[PDB]
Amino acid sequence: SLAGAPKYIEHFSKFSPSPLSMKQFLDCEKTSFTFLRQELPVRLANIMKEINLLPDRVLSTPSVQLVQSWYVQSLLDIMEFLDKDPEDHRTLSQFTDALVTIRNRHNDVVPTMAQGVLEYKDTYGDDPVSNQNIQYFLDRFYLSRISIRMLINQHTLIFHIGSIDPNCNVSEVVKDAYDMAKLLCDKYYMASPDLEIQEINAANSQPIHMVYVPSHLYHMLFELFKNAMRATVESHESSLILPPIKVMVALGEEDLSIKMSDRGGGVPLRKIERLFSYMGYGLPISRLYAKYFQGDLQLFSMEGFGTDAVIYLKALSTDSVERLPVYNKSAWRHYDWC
């Protein structure tokens, strides 16, 4: 009773995704339904059109085809709601059930796509042109996915504000991530570095809080602690005294910056880019979480000494706007030294 999926994909891919600010999220169920039965199809269709620009070699892999098939079914699942009445309580409850089913369907997207990359390399061998396309695509695909999960989680949790903490204590999240990383480091190495936190609240020399999704911040910090701890222990195999991991949390007028400093011996500059290369997606996905609300995650090493990692977040909820890829000419097109 639905049209073929390509007709829906072509229809909804003409629209641009609509980015929301953290303030908008933070600040009804019928309104959410009527918004999402347009917006989720727009976001699904825009990235499905980009999948189709991948090299034939990558698109031919079974795991990429599988993920594509999930996106198709999820789009069709929502098309079932196009003619349904928001005033009918049953529409709203069925819609929430459908979003839960979509979220579960897509639970394993990240490792399934990674298997697709491995299939491409195993079947054909990799080549730099395809690899550059894959890198460009996967950043956008995984950020798109983060944004779809955000919309679904907000709706299902609401019907904290959903997953958003309006008073997230950043140092508490740092400590939670440290604690969990320490459990893992202690398991494998029987030791771990200590934590030192310093806060710099420039305008109010007050604990630092923000509006944020704590799970996203935790995810980033946990990945950074795992790397910093492993570096510290493995670079100190002959020492019983481990240098601590030092975290600075700074609150400025526009940025809330979190620096994690280790004395793990570092890595040469040549190898920094590889750390964000898909060709263990912990670091690239962590950086996407930072970018999702107009932040960033940057690494700076001193080979022979150690590494600084900085999470840059927007301090203000009004500056914290979704960063969403859009399928258009610039995107389509995107697919000199001696």
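Numbers for residues come from their place in the sequence shown, where the first is 1. Between two forms, the rigid core is the largest collection of C-alphas that superpose within 1.5 Å.
Root-mean-square C-alpha deviation from the shown form, taken over all structures in 8 other deposited structures of this protein superposed by the rigid core, is larger for 232 to 240 than for the alternative among 232 to 240 and 149 to 157. The stretch that strays farther, by root mean square C-alpha distance over structures and residues in 8 other deposited structures of this protein after a rigid core fit, is 109 to 117, when 109 to 117 is set against 138 to 146.
Count the deposited residues lacking coordinates between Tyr335 and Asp336 and you get 4 to 9 of them. According to the entry, the deposited sequence has no residues without coordinates between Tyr124 and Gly125, so the chain runs continuously there.
Just going by the entry, 170 to 178 versus 209 to 217 on mean CA temperature factor gives the higher value to 209 to 217. On average the C-alpha atoms of 239 to 247 have higher B-factors than those of the other stretch, with 252 to 260 and 239 to 247 being the two compared. Out of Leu53, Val42, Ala290, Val58, it is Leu53 whose C-alpha atom has the highest B-factor in the PDB entry. Of the residues listed, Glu303, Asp27, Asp308, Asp296, the entry assigns the biggest Cα temperature factor to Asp27. When the modelled residues of the chain are ordered by their C-alpha B factor, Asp83 lands in the highest third.
Among the modelled residues of its chain, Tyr142 has a C-alpha B-factor that falls in the lowest third according to the deposited record. Among the modelled residues of its chain, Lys314 has a C-alpha B-factor that falls in the lowest third, as given in the PDB entry.
Annotation for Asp97: CA B-factor lies in the highest third of the chain's modelled residues.
When the modelled residues of the chain are ordered by C-alpha B-factor, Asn227 sits in the lowest third.
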